[PDB]
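First, one chain by itself in structure tokens, the form deposited in one PDB entry.
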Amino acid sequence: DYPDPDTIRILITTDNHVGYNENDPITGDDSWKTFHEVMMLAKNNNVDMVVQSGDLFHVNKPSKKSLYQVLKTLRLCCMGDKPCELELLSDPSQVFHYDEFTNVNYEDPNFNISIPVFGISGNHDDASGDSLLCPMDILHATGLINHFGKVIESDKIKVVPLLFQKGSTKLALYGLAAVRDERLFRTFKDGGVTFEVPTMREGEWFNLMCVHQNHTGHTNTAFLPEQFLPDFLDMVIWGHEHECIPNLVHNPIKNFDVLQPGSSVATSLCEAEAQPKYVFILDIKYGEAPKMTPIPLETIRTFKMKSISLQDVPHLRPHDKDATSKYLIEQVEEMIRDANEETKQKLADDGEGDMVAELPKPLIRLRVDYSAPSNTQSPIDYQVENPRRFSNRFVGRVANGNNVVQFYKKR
């Protein structure tokens, strides 16, 4: 249904990573197909606007298939004849201050754009080149995307918000491009950042932010502390993490929620991709609390993981190749059965199962440690196999048939 005459709607995405696994035959089109599905879900959900927390493209310099899939997707879902109800309050010359495209494309007198999509840049497709140019900047020239939140000097960071008005509600969209984590850390240390706040009608405003750094980083001083962001924020969207959590992260002393909308494609096979991947919808209303209705993604190959210890289980004599391969196989070819069963159920439980319908092959990761036995110092460890003989022997049955099982040792 249409949002009520005072209601904004905004589809929050992140890390859609078009351009990931471009050449793999069995899985080479999952990323842009999922981007297509989320944009189609935008078109038939009456979303006013589409926001992005960066990393939309997997590489710095994209591919032709990626670019065409994204542009053809945007032309089908953003171009229309419905009058976009967003009234603009700011002067977009201050925000799109890169060049003369100083008006948003839905304000263009020659484009009747129905839904705008605006996003910050990302870590993989950051401002790169002799001109400090981004792929989202190319998609800004087409008149379909509003690349905002660019940063030009790492020492002084000025963030300029777009300000849309609708009915009796206001929006503020502070961008934050991909800057190396200590550089933003050092800039936050000495107060090198200023946050423009409109000076009229206190409390009438919704302040939205999009940030694209690590949340809790393995390194010492290479993570953005959540406390550093100011108190006047009402929300924020955190990119750069491939983990999706449908719920929010409410702070009690900073008074602003967080969201971690995850990704669309499964980039690196680890525990972070073994979770349900959603994409989120926010209906912003003034005077009333925001509501969130996450929707699942339905074009993602099945991914469940298992991390078990090899040397823990008895009978594992660490000098045989015909005594541990069976034990590994009876786990891998069990997870495969479970994955194909789940794919069958999800694909064919919706009244489309008179005949046995086709399946997409699954993504299966098994983590086993082949380290030395804990008691001894034997000069020979387990003789375990490799992708050429433990994932290549699985052709036509699994969709990740080069990294099905994981072989590390815990230092």
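Here the rigid core means the biggest group of C-alpha atoms that line up within 1.5 Å when the two forms are laid on top of each other. Residues carry their position along the shown sequence, with the first being 1.
What comes next is about the form deposited in another entry, which is not displayed.
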property	result
Core fit, then residue 342 C-alpha moves 2 Å or more between the shown form and the other one	no
Rigid core superposition, residue 353 Cα moves 2 angstroms or more between the shown form and the other one	yes
Post core alignment: residue 46 C-alpha displaced by 2 Å or more between the shown form and the other one	no
